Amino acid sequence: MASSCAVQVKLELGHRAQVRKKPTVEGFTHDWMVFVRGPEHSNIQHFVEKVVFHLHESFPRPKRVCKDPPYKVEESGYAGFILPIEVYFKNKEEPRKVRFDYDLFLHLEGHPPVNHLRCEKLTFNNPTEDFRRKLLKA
């Protein structure tokens, strides 16, 4: 074994938020949608087991898991927050996952809707053969 391999994949993290016309009963003022995907519709399912979106404690059932695309959550509330996103790979070893602190921000009323995209590069050094294969079918 001399041959070394480095694999990169691109994730995208992003979200939409817009002002409701009529606030909800809880006084939710905004509707929003956060998600994770690969670019140009790449099958990230090949190497992603699951994604967990950690909503703020103010949310009931805050820890939201998607095992299958689309990796997203659609919700209503009243303010933005730091939104930890855990992406879990189909990997027998390190890294088993990765954490991002996703700035889920809203805009005030009178301002345009949020439409935010955060591109993220992951690098893997000398994954197993199995994981290298899933990574690269993606």
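All residue numbers are counted from 1 along the displayed sequence.
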For the higher mean C-alpha B factor in the entry, choose 23-31 or 72-80.
23-31
Once you work out the mean C-alpha B-factor for both 52-60 and 86-94 from the entry, which is higher?
86-94
Looking at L108, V36, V65, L104, which one carries the largest C-alpha B-factor according to the PDB entry?
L108
Within this chain, which third does the Cα B-factor at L11 fall in: lowest, middle or highest?
middle
Relative to the other modelled residues of the same chain, rank the CA B-factor of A17 and answer lowest, middle or highest third.
lowest
